[PDB]
Structures are given as structure tokens and as C-alpha cells.
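A.B. asks: I have a structure I would like to understand better, so I am pasting it below and will then ask my questions one at a time.
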Amino acid sequence: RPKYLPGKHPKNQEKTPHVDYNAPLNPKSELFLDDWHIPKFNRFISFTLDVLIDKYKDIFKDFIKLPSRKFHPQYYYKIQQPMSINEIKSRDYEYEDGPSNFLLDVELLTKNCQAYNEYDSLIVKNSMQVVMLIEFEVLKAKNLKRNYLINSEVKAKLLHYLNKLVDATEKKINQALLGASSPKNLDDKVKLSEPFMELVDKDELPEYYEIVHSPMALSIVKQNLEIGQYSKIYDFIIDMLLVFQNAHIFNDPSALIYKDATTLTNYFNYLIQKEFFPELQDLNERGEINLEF
């Protein structure tokens with residue numbers, strides 16, 4: 018028998034607090050910071066959601082229809098904007114604020130869930146994974162024009178940046194992200210990557226594998242790169258994001274490893290946007306690398 022029971026686990030709460038529709042879960046996200054357009058956006062949304070429902074049935078199943086109002090009648094006064102995948106599939110997003118409204122309707126799927134249910138439940142962590150996997154797909158579509166095939170030189174650059182991440186310390190990260198506003202005397206010995214290198218033992222911590230549906234570790238990403246499992250840049254990038262996001266799904270917000278997964282997501286993002294991609298643009302123009310699709 019499994020540690021985590023499935024289904025809804027309503028908080029025992031007379032009054033339930035508002036969910037802020039407008040605030041992104043991640044303000045630092047390029048999904049919200051960047052201007053982007055997917056042509057035939059409505060078609061893209063229905064296609065992509067259907068691929069995911071089929072690939073990830075067990076995770077997606079509770080989010081397809083709105084909660085049953087006969088089993089969960091209190092939901093419809095506790096939650097101000099009930100949301101489901103079928104509801105999103107039935108909406109129009111082909112107007113100027115469409116993309117943004119789409120992401121916020123999607124993020125509702127986890128906000129509403131974390132408001133109704135006990136945080137430490139399978140249903141809540143499933144909802145986080147639903148939102149995460151949807152946003153991965155958008156991230157790939159958004160970055161179509163720079164999602165180059167991993168050829169020999171691109172492979173080598175990605176292995177370099179991956180190693181730079183693995184080797185990063187409190188001092189090095191803060192210097193990169195804050196420059197001359199970095200605090201002095203930060204630690205330069207301990208690598209933040211340490212708890213992310215290897216998967217936890219199935220026999221030691223089985224409930225990990227009830228919660229984290231797509232386990233991933235940095236040593237596995239490295240191996241994947243070396244043997245050619247990633248076809249394009251964003252195939253690599255999403256497995257990296259999966260590594261850090263799974264630690265946020267599994268662990269408590271107040272845990273060190275949760276804090277370090279935030280710090281490493283931020284630093285990885287910095288490496289991709291400010292070092293890796295600009296260096297590729299530069300080497301391309303100088304005719305020292307080929308960037309293929």
C-alpha cells in the first residue's frame with residue numbers, strides 16, 4: 018500500500034483565502050517577461066493539452082473536468098475561479114493578452130488546488146506537475162528560432178555550461194547574479210549541485226517516487242548529453258529545469274534544498290541567457306560554428 022492517498026483532501030477551513038489570478042507563480046519567467054507569439058495559438062493549445070493528457074494520464078486525470086459538484090459541493094464557494102483543462106480548451110486566446118491569460122488560466126490549475134487541498138498531498142503535487150509540463154511545452158514553442166540541433170560544437174558548449182553549474186558555489190553564483198553588489202566573504206567551497214547529482218534511493222525513500230513522476234538528476238543529464246539523447250537545445254534545457262523543479266515539488270518551501278533549487282534555477286537561467294546563447298550568436302556570425310535546425 019502507498020503512503021499518499023489519492024483524491025481531494027479539503028483543508029478543514031471555515032473560510033478560504035483569495036487566489037490572486039494576476040500574479041505569475043514565477044515573475045522571473047521569460048514566459049511572462051518576454052514578448053512572444055505562437056501562430057494559430059488556439060490550435061496549438063488544444064493539440065498540446067491532448068498530447069499531454071495522453072502521455073501523462075495519471076497526473077492529468079483529476080484536472081480534465083471541473084471537480085464534481087455533488088462530491089465536492091463546497092468547492093464552488095471556496096474557489097472563485099474554478100478551472101480545468103476542458104475549460105481552457107473551450108476558450109479563445111487569439112487576442113493581444115491571450116498568451117498571458119492562457120498561462121494564468123493554466124497556473125490556476127495549481128493555485129486553486131493548493132487553496133482547496135492540504136499542501137502535502139498527492140493531488141497538490143500532481144497539480145504542480147501538470148502546470149510544469151504544460152509550461153515546458155510553451156517554452157519549446159516560444160523558442161523555436163533558437164532551438165538548434167545539438168551538433169558537435171553545441172554539445173561541447175552545453176557540457177561546459179552544465180559543468181559550470183555543477184561546480185558553482187555561493188560566492189561564484191552571487192558574483193554572476195549581483196556583480197559589484199555581491200556581498201563579500203561568501204562560501205567558495207561547497208557546491209550547491211551536490212544533492213541534485215544523483216537520484217535518491219528507491220528503497221531508502223519510496224514515497225519520493227509516488228510524488229515525483231519524472232525523476233531526473235544532473236549526472237543523468239550529463240550522460241544523456243554525452244551519448245546523444247538530446248536532439249535540440251531545449252530538450253537539454255527542460256531536463257535541467259525538471260531537476261530543480263522536482264526538488265520544489267517534493268520538498269518543503271523552508272528546506273535548504275528547496276532554497277538551493279531556486280538559486281540554481283536562477284543561475285542556470287543566467288548561464289543560458291547571458292553566456293551560452295550570446296556566445297553562440299557571436300561564434301555563428303564569425304563563421305566559427307554552424308547553427309542548424
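Heads up: the sequence shown begins at 18 in the deposited numbering, then just goes up one per residue.
The beta-carbon is built from N, C-alpha and C at its ideal position, and this holds for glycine as well.
(1) For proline 27, which residues does DSSP report across the bridge?
(2) Got a sec? Which residues, its chain only, sit under 8 Å from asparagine 134 by beta carbon, not counting five neighbours each side?
(3) Hey, is the segment 144-154 in contact with the segment 217-227, meaning 3+ C-beta pairs nearer than 8 Å?
(4) Name the two residues that bound the continuous alpha helix (DSSP H) containing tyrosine 92.
(5) Once you ignore the five residues that flank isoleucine 250 on each side, which residues in its own chain have a CB closer than 6 Å to its CB?
(6) Since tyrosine 110 and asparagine 59 should fall inside the 8 Å C-beta cutoff, what is the C-beta to C-beta distance between them, to a whole number of angstroms?
(7) Would you mind giving the Cβ-Cβ distance between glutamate 187 and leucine 203, rounded to the nearest angstrom? I have them listed as a contact below 8 Å.
(8) Can you say whether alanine 40 is buried or exposed, counting buried as having 16 or more other CB atoms within 10 angstroms of its CB?
(9) With respect to the alpha helix (DSSP H) encompassing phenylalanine 267, which residues constitute its N-terminal and C-terminal limits?
(10) Only counting runs of 4 or more residues, tell me where the alpha helix (DSSP H) segments fall wholly within the segment 52-79, in order along the chain.
(11) What ranges does the alpha helix (DSSP H) occupy inside the segment 176-201, keeping only unbroken runs of at least 4 residues that lie completely in it?
(12) Quick check: the Cα distance between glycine 245 and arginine 303, rounded to an integer number of angstroms?
(13) Could you tell me whether the Cβ atoms of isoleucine 55 and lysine 106 are closer together than 8 Å?
(14) Return the residue from the list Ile255, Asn263, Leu161 that minimises the CA-CA distance to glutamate 215.
(15) For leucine 166, name the three-state secondary structure that DSSP assigns.
(16) Applying the 10 Å Cβ sphere with the 16-neighbour rule, what's the burial state of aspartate 122?
(17) What are the boundary residues of the alpha helix (DSSP H) that includes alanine 278?
(18) Tell me, please, whether the segment 262-277 touches the segment 177-186 by the rule of three or more beta-carbon pairs shorter than 8 Å.
(19) If we count the other Cβ atoms within 10 Å of its Cβ and call it buried at 16 or more, is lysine 74 buried or exposed?
(20) Helix, strand or coil for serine 117 per DSSP?
(21) Using the Cβ count rule (16 or more neighbours within 10 Å means buried), how would you classify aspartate 67?
(22) So, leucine 209 versus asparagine 283, is the Cβ gap smaller than 8 Å?
(23) Exposed or buried, what is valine 207 when buried is set at 16 or more other beta-carbons lying within 10 Å of its beta-carbon?
(24) For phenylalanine 213 and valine 183, I'd like the C-alpha separation in whole angstroms.
(25) Under the rule that 16 or more other beta-carbon atoms within 10 Å means buried, what is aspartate 256, buried or exposed?
(26) Would you decide whether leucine 273 is buried or exposed? Buried here means 16 or more other CB atoms lie within 10 Å of its CB.
(27) Would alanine 197 be called buried (16 or more neighbouring beta carbons within 10 Å of its own) or exposed?
(28) Taking buried to mean at least 16 other C-beta atoms within 10 Å of its own C-beta, is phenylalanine 64 buried or exposed?
C.D. replies: By the coordinates alone:
(1) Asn134
(2) Closer than 8 Å at the Cβ level, and outside the excluded window around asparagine 134, lie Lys25, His26, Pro27, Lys28, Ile140, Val141.
(3) no
(4) 92-95
(5) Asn164, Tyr165
(6) 6 Å
(7) With 8 Å as the limit, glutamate 187 and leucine 203 qualify as a contact, their Cβ atoms being about 4 Å apart.
(8) Exposed.
(9) 250-267
(10) Here the runs fully enclosed are 58-72, 74-77.
(11) 187-195
(12) 26 Å
(13) no
(14) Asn263
(15) strand
(16) buried
(17) Membership of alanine 278 in the alpha helix (DSSP H) is indicated by the continuous run 273-287.
(18) no
(19) exposed
(20) If DSSP states are grouped into helix, strand and coil, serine 117 belongs with the helices.
(21) Exposed, because fewer than 16 other Cβ atoms sit within 10 Å of the Cβ of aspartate 67.
(22) Not closer than 8 Å, so no.
(23) exposed
(24) 9 Å
(25) Buried: at least 16 other Cβ atoms inside 10 Å.
(26) exposed
(27) exposed
(28) Here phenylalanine 64 is exposed: its Cβ has fewer than 16 other Cβ atoms, across all protein chains shown, within 10 Å.
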